[PDB]
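Working notes, beginning with the structure itself.
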Amino acid sequence: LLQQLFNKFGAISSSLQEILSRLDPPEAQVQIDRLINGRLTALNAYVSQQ
Amino acid sequence: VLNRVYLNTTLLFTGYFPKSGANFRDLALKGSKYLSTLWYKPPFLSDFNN
Amino acid sequence: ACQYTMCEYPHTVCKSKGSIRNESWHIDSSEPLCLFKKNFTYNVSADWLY
Amino acid sequence: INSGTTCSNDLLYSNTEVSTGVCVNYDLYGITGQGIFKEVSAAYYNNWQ
Ligand SMILES: *[C@@H]1O[C@H](CO)[C@@H](O[C@@H]2O[C@H](CO)[C@@H](O)[C@H](O)[C@H]2NC(C)=O)[C@H](O)[C@H]1NC(C)=O
Ligand SMILES: *[C@@H]1O[C@H](CO)[C@@H](O[C@@H]2O[C@H](CO)[C@@H](O)[C@H](O)[C@H]2NC(C)=O)[C@H](O)[C@H]1NC(C)=O
Ligand SMILES: *[C@@H]1O[C@H](CO)[C@@H](O)[C@H](O)[C@H]1NC(C)=O
Ligand SMILES: *[C@@H]1O[C@H](CO)[C@@H](O)[C@H](O)[C@H]1NC(C)=O
Ligand SMILES: *[C@@H]1O[C@H](CO)[C@@H](O)[C@H](O)[C@H]1NC(C)=O
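Residue numbers (full-length UniProt numbering), protein chains in the order written: chain Y, 1043 to 1092; chain X, 51 to 100; chain W, 150 to 199; chain L, 597 to 645.
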């Protein structure tokens, strides 16, 4: 579960700071939405397994 | 790896390596007095993909 | 790494005892445009280099 | 202009301010993050690393 925070999931980076430093606030939300969806999916799968 | 240090472990790394079990290609040439033309052809002018 | 005026039949000359021909892989004595320039060192007595 | 190497760097802050003990933001040679630094003696860095 800790290694899920190093997947890109379709975004250009796995880092929330390399997106906010290198993209405009319109263009950053498209990548932050993909990271949010990938990490929420990982948490749902873990919660069902428990 | 570029400027990274790894210590007492194994690493699974995707990179740019030779294929294990492939052969080489001697392209060195030693002239003495003359300068050919068939030396300068797509036999010796080669490709660069990766 | 520069844009050079490349010869048709390029070749070199050993800088220990000179040969019949001259080292001429370009004729560009006007300092052309360059992307990169550097100098590195290696062991003079080592046999194999990769 | 606008093609070559003689650049007017204008770098953020290559400050000699490695402050140990507290949380900082870092941009170390391209890698970004946050963390607490703590000085040590280490004998495994070659000159390319
Ligand atoms: C890299 O090294 C080469 C060879 O040591 C340098 O070329 C010499 O440059 C000086 C000054 O321009 C000339 O007087 C010599 O005749 C050159 N030697 C040869 C063999 O060409 C070169 O300048 C160095 N490059 C850098 C960026 O320092
Ligand atoms: C302007 O450029 C100078 C170039 O000298 C910068 O000062 C250098 O900073 C580095 C980083 O520690 C040192 O290694 C150099 O020794 C410094 N130069 C000197 C002459 O001491 C400076 O930081 C730059 N400032 C701005 C505002 O761009
Ligand atoms: C070798 O690597 C293992 C990896 O877990 C580590 O536990 C061990 O301490 C290492 N050996 C030394 C001498 O540091
Ligand atoms: C090599 O260059 C020198 C000086 O320009 C010249 O005298 C000599 O004839 C050249 N060699 C050949 C084979 O042309
Ligand atoms: C490498 O260089 C060192 C010093 O420059 C020398 O002592 C050593 O013999 C060299 N080894 C080879 C294989 O060239």
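Ideal placement from N, C-alpha and C gives every residue a C-beta, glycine not left out.
Each of W/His160, W/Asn188 and W/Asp177 was checked against the Cα of X/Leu85, and the nearest Cα belongs to W/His160. Our two residues, W/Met155 and W/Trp174, have alpha carbons roughly 6 Å apart in a direct line. For the 8 Å CB-CB criterion, X/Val55 and L/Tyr641 form a contact.
Residue-level contact by beta carbon holds for L/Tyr625 and chain X, with a gap shorter than 8 Å. In terms of Cβ geometry, X/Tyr90 and W/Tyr158 form a close pair [threshold 8 Å]. The Cβ neighbour count for W/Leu198, taken over all protein chains shown within 10 Å, is under 16; the residue is labelled exposed.
Beta-bridge analysis with DSSP links L/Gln630 to L/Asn621. For W/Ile169, no alpha helix (DSSP H) run applies, since DSSP gives it neither H nor E.
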